[PDB]
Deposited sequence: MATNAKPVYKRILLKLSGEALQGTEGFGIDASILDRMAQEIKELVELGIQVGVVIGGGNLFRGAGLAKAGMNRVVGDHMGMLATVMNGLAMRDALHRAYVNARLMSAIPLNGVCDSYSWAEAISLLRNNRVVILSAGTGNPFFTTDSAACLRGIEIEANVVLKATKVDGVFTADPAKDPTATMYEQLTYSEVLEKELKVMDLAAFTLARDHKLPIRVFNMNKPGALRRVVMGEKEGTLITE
């Protein structure tokens, strides 16, 4: 009798979380991703997914090596388009209707269009938003919040490799602990790592709730949507 507690969601997929040991993409994690997204679609949930590129390139990182920061961000963005393309295909092969859209118009997929996106969602099609915001100096987390506000999602689900928001990187600091609930205020006064002010403040400004969970946990995405104890919730 459960029933989902969300009608339209914006699922931000970390690029790094498509690696799963060794750079590149992990086909089996991609296929699991599809199956889990398939379930949401059937449950009637409208899904829009913003995907990152950290498993291939990060602009700032390339900038340290000497490259022009803008060109570095452009490669980072093309990296998100490569993930989006792999994700879409995994979706099609799992018999799920999906469309890839790119912030920077390319031709291989559609160009992002607001009205078109809303139409696709109302029609139960999964919409994959690539190239983030289309601009350099930004991160895909920003795009998740922007697109999330544009398509009017009920919430942004940040898929990560950790169970929630920790006080410090749980993989490097042995003192790291995660909270299960936070307000946009607490996040700043405690200075916990969630996103980057740019993205965050935008979400706060527009009162868009955020739920941080672990995508490496099979079933976690479904628990979040069904309203079961998973991850951390950031509200006002």
* Asked: Given the full deposited sequence, which segments carry no C-alpha coordinates?
  -> 1 to 3, 26, 112
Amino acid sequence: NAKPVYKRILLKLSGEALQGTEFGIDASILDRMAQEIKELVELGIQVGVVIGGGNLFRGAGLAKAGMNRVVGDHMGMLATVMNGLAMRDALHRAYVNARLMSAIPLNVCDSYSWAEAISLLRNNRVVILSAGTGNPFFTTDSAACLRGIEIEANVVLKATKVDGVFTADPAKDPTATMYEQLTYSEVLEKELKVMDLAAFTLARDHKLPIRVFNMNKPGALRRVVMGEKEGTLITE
From here on, numbers count along this sequence of modelled residues.
* Structure fact -> Between 44 to 52 and 192 to 200, the record assigns the higher mean Cα B factor to 192 to 200
* Asked: Which has higher Cα B-factors on average according to the PDB entry: 153 to 161 or 90 to 98?
  -> 153 to 161
* For the listed residues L129, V126, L78, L106, which one has the largest C-alpha B-factor as given in the deposited model? -> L106
* Asked: Reading the B-factor column of the entry, which of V212, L11, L18, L221 has the highest value at its C-alpha atom?
  -> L18
* **Chain-relative CA temperature factor third for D110** => highest
* Structure fact -> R32: C-alpha B-factor third of its chain, per the entry, is the middle
* Chain-wide C-alpha B factor ranking for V70, given as lowest, middle or highest third -> lowest
